[PDB]
Ligand SMILES: *[C@@H]1O[C@H](CO)[C@@H](O)[C@H](O)[C@H]1NC(C)=O
Ligand SMILES: *[C@@H]1O[C@H](CO)[C@@H](O)[C@H](O)[C@H]1NC(C)=O
Ligand SMILES: *[C@@H]1O[C@H](CO)[C@@H](O)[C@H](O)[C@H]1NC(C)=O
Ligand SMILES: *[C@@H]1O[C@H](CO)[C@@H](O)[C@H](O)[C@H]1NC(C)=O
Ligand SMILES: *[C@@H]1O[C@H](CO)[C@@H](O)[C@H](O)[C@H]1NC(C)=O
Ligand SMILES: *[C@@H]1O[C@H](CO)[C@@H](O)[C@H](O)[C@H]1NC(C)=O
Ligand SMILES: *[C@@H]1O[C@H](CO)[C@@H](O)[C@H](O)[C@H]1NC(C)=O
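Chains as they are written, first to last, in the authors' numbering: chain F, 1 to 110; chain B, 14 to 70, 76 to 290; chain D, 2 to 228; chain A, 340 to 580; chain J, 1 to 108; chain E, 2 to 214.
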């Protein structure tokens, strides 16, 4: 009974800014963990960032900078902002929610 | 818990004269073969002092709530340990920090809480039929207390629970002071064989108990302990035996005193 | 909801006492389950608690590793086990339910309480009670009223339902409790007030029922002839 | 009774103890050679025995080796936001040490739990013990264990085969609070060996005088500490040893 | 700090065979491993979690057993419907996920 | 234990009675609050107050408590007949790592018209002599639970074996009744001349002597 809708992907220059959009139908954004997993085409999965139920967020070593997460409770959607991009950022993503130490639900990809 | 008493014929207090009494150590320094003058609160020499009677043979019980000025002088010619302790306070309605002194048969308990105070708290000693001795069983000093952070226990002392009607053999002196908020207690045991008209001998008083309590204690009250023998019916209404006791309540005054010190380092004579 | 426990239990000094505390009207939800005992003349002690949603237990420092407490989520019951029984352990137990909160205090408060289980230890085994009649004398019957009853001796346990004429008499009936002895025996008493005019036409009997002993004796009471 | 404890409190239900009416020294604690975390800010170990505070608190909770750094006030995570919150103006630090010998058995040690889900940021110096069913969905949860309804407490796997960073470390945190009330607990002072027959200065609780110390033949009454003369000068002081 | 390496990369097995896929970690982790199945062109789905438990929607043909270092995803019966890659994911104290390599199962 | 409570308290129906529960600084003096519990003599204990400021459903507004320093106090607006129950204070102990209750206090507010002790003595029957045992029952009625001491004498020496006392049971007319037992043997039953039961109550003693022969 869990469904996630992702959008905002497309073609953009590395020296540009884009806004991602992740929405959940039967789930809220301010009461559970969410993982931002990016999978390279032809390679394995890789973790990038995580957002807690509170106002705390974490990032990995390679993507510590140029990342901002700002959830919105008005439209039950999740927003991610990218000020700068690199040549290695071409990857698929699935916005998802999960518990501690593991995640079960997943979402689509653009 | 506390109980009320009944009206009876009492004896009005008398006035007696003090003779070189109420002199203590004003400092904690050592002085040898010098004459040092100090300005503090001391009992004036040859001053009028009140006499409170507690002997049974009648039924004299007089513990009024006397005001506590800057220093008092409590002297008792204690023989059979009739006077046990003192209770201090300001309004006696569980509103301020009240002080309680009790010299029980096991240890001296100095607790400062809002103990509440009845019209006449006292200790009752009951004579057991099987045991040929006196044991204190009536513990009526206070009802209950809510809070207190101060609790001090002094050195243990051995008290005699037997009361007699003979002549006195010891003299006890107690001085209570309040400077800066610190409490000062001066006491020393002196043996003498007299009832009244204390001799002109000299005896200094060394400090014993010192406590940093924030109290005001504008008034004070002493305690008298009676005996419950087979002669009395056992009710604290009209019949009791208080033994033979006599205590004096002095008032310290800001008088300059000249103290004489010997080679050993004790006060020998005083001059006002 | 309300929680139900087991009935009265008696055992030996050195056996294992087994009790349970069941929940009626609902499960335990996610709140923790704890047990608190209570001894006569003493305070209430805390021995441990059970987390029913995770199946873990947190004991106390006073009680060593002799008690294992478990909980089953399938039947929603509390499972208590105690071993190495002692004569000191004569206390009753209740099952406590804790309701926590978020704040500066964070002290666990017991919200719901069980009915209570009565557990006692006795080295003596079950024996047969003896009942003998009691009748007033001529000097005791000074007025028009007489006092008579039946006495129970060497019986176990103390709670015994005594009735007069199978419950037909309710006025003047008094129930007395037992008392400890040197050998641990118990003894009750029962006295009723009856007029002297009914002593020659009505016969008073005592009915004593012992559910654990599966016995029931009927005995008659007669006035003394010598006095 | 806090460090060498038979049992250790949980992360969420950390025990709090207050010590007072005594003195406390940190020299023996520093030289134990068993503590791998003693980074402290605001105060210094050299000046810890000089100044003191009104009261000292103690906190007892056992965590893994990866979360001992998380107890710093400028940290975020499941421990630093949902278990214990430290204020920015906190006085004191965190003492931790390796506990590989204890808090572990042959199997997984599931006797310790910690908070995992919360709907709000915890207040500083606050402990929360809640056994309510956590909810994430819009529909209310009546204490059931269905979908989007999980217990906030998560079990800890304290296996002996875990790494150094995942090893369970016993953590004791002291709290230094100074108010306008008079101090009841402080640090013991120094006691240097006396030097007699030498021109030395001393601090004998009431003065700072320089001179030799010569043995006398006059004894003091057992209630006095100072001593004067005809010219009113201190020349006789009792050593309280 | 932690690197998740999987020994098998491409293993071919029949219907009546066990795939025997294992995952390795530099540091010992106690029963906090999850496995996923990502079909080509489809979102990944969780299969097992905590290396012992099974999800309700996941069929019970999958299994896992590993205490601290050596884990496995042995399957009693291989089905043609589930032919995809697998990943071993272990998180940290700061919810830092660590996804390893992918092992693909192909028809002989 | 580590928690100190008064043994008993007294009050009147219409005054204010304050019960104070003081403990160590590890449990009471720490950040933990206190929880009050009421246990009536015959029913299970029940919750009264949690959090030192809030009240549950069904609890009357007369129950109010306060916390001050290293002690917990309570305020009661009038004492009722149903208030005769044990009172305990529970707080979390850091050293014990578990909950600890208080010492417990007794609040007894009752009054009965106590009268002179009416005692009765029932000698054993003839059928009790063949059981190789002899019991003596001294039943006392219309008396107060205080001064319940019972003494046995045989007109030549007091008996110090087989003597006991029993807790009286409440009657249906605000009265308490109890009885005492004395274990003896039929061999020495006929040796003595007479037996009596002595009960002392507030200075009043009643002697009843029966004649076995
Ligand atoms: C002292 O009191 C007595 C009463 O016993 C009185 O006669 C005398 O005048 C008083 N002396 C002074 C100085 O007040
Ligand atoms: C003596 O009295 C004090 C206070 O009045 C009390 O604390 C102490 O327990 C008493 N001692 C005995 C042996 O009753
Ligand atoms: C004590 O009394 C004096 C004068 O009445 C007043 O100035 C002072 O504030 C009082 N102190 C306390 C602690 O009540
Ligand atoms: C004081 O000490 C000196 C020196 O030992 C001694 O001669 C004198 O007797 C002492 N004083 C008393 C009152 O004992
Ligand atoms: C605590 O225990 C250790 C080892 O059991 C011991 O070396 C130490 O002296 C004890 N006390 C302190 C204060 O560490
Ligand atoms: C101070 O402590 C030491 C402990 O080594 C003791 O020997 C000495 O007597 C103490 N001083 C006192 C009690 O005045
Ligand atoms: C003690 O309790 C009283 C109320 O009975 C209160 O006024 C007082 O402030 C309390 N003392 C402390 C130190 O909290």
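From the three backbone atoms N, C-alpha and C, an ideal C-beta is built for every residue, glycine too.
| Asked | Found |
| --- | --- |
| What residues of chain D sit near residue 100 of chain E, judged by a beta carbon separation below 7 Å? | 47 and 109 |
| Under 7 Å, CB to CB, which of the residues in the segment 358 to 391 of chain A have a partner in chain E? | 359 |
| Quick one, are the C-beta atoms of residue 37 of chain D and residue 79 of chain D less than 8 Å apart? | no |
| Can we count residue 70 of chain E as close to ligand 7, meaning its CB is less than 7 Å from some heavy atom? | yes |
| Pull up the CB-CB distance for residue 114 of chain F and residue 17 of chain F, whole angstroms please, since I reckon it's below 8 Å. | Nothing in the structure corresponds to residue 114 of chain F, since chain F is present only between 1 and 110. |
| Between residue 42 of chain F and chain A, is any beta-carbon pair separated by less than 8 Å? | no |
| Return yes when the Cβ of residue 151 of chain E is within less than 8 Å of the Cβ of residue 195 of chain E, no when it is not. | no |
| Taking 7 Å as the cut-off, is the CB of residue 579 of chain A close to at least one heavy atom of ligand 6? | yes |
| Taking a Cβ distance cut-off of 7 Å, strictly less, list which residues of the segment 89 to 123 of chain E are near chain A, in chain order. | 95, 96 and 98 |
| Of all Cβ atoms in chain J, is any one closer than 8 Å to the Cβ of residue 453 of chain A? | no |
| Along chain D, in chain order, which residues have C-beta atoms closer than 7 Å to that of residue 183 of chain E? | Simply none; closest approach about 11 Å. |
| According to DSSP, is residue 220 of chain D helix, strand or coil? | strand |
| Given a limit of 8 Å on CB to CB distance, which residues of the segment 27 to 52 of chain J reach chain A? | 27, 28, 29, 30, 31 and 32 |
| Would you say residue 32 of chain E touches ligand 3, meaning its beta carbon is less than 7 Å from a heavy atom? | no |
| Please classify residue 190 of chain E: does DSSP put it in a helix, a strand, or coil? | helix |
| Would residue 549 of chain A and residue 540 of chain A be called neighbours here (beta carbons separated by less than 8 Å)? | yes |
| Compare the C-beta of residue 95 of chain J against all C-beta atoms of chain F and say whether one is closer than 8 Å. | yes |
| Since residue 109 of chain F meets chain J, which of its residues come closer than 9 Å, beta carbon to beta carbon? | 43 |
| For chain J, find out if any of its Cβ atoms is closer than 8 Å to the Cβ of residue 496 of chain A; answer yes or no. | yes |
| When the cut-off is 8 Å and only beta carbons count, does residue 86 of chain J lie next to chain F? | no |
| In terms of alpha-carbon separation, which member of E:154, E:172 and E:127 lies closest to residue 143 of chain E? | E:172 |
| Going along the segment 188 to 217 of chain D in order, which residues come within less than 7 Å of chain E, judged by CB to CB distance? | 188, 190 and 192 |
| So does residue 291 of chain A have its beta carbon nearer than 7 Å to some heavy atom of ligand 5? | No information on residue 291 of chain A is available, as it lies outside the stretch 340 to 580 that chain A covers here. |
| May I ask you to check if the CB of residue 123 of chain B is nearer than 7 Å to at least one heavy atom of ligand 2? | yes |
| Considering just the uninterrupted stretch of the alpha helix (DSSP H) at residue 339 of chain A, what are its terminal residues? | The first residue shown for chain A is 340 and the last is 580, placing residue 339 of chain A beyond what the model contains. |
| If distances are taken between C-alpha atoms only, which option among A:343, A:363, A:340 and A:443 comes closest to residue 529 of chain A? | A:363 |
| Quick one: measure Cβ to Cβ for residue 62 of chain B and residue 31 of chain B, integer angstroms, because I've assumed they're closer than 8 Å. | 5 Å |
| In chain F, what lies closer than 9 Å to residue 55 of chain J by C-beta? | 104 |
| CB of residue 264 of chain B to nearest heavy atom of ligand 1: below 7 Å? | no |
| Where residue 29 of chain B and residue 268 of chain B are concerned, what is the direct C-alpha to C-alpha distance, given to the nearest angstrom? | 11 Å |
| For residue 211 of chain B, is the beta carbon positioned less than 7 Å from some heavy atom of ligand 4? | no |
| To test your reading of the DSSP string, which unbroken beta strand (DSSP E) runs of 3 or more residues are found completely within the segment 97 to 154 of chain D? | 111 to 114, 120 to 122 and 131 to 135 |
| So is the beta-carbon of residue 171 of chain B under 7 Å away from any non-hydrogen atom of ligand 2? | no |
| For residue 52 of chain D, which of helix, strand or coil comes out of DSSP? | strand |
| From the beta carbon of residue 1 of chain E, is the nearest beta carbon of chain D less than 8 Å away? | In the structure as shown, chain E begins at 2 and stops at 214. Residue 1 of chain E is therefore absent and cannot be evaluated. |
| List the whole-angstrom C-beta distance separating residue 35 of chain D from residue 56 of chain D, where the pair is believed to meet the contact cut-off of C-beta under 8 Å. | Rounded, the Cβ-Cβ distance is 15 Å, inconsistent with contact. |
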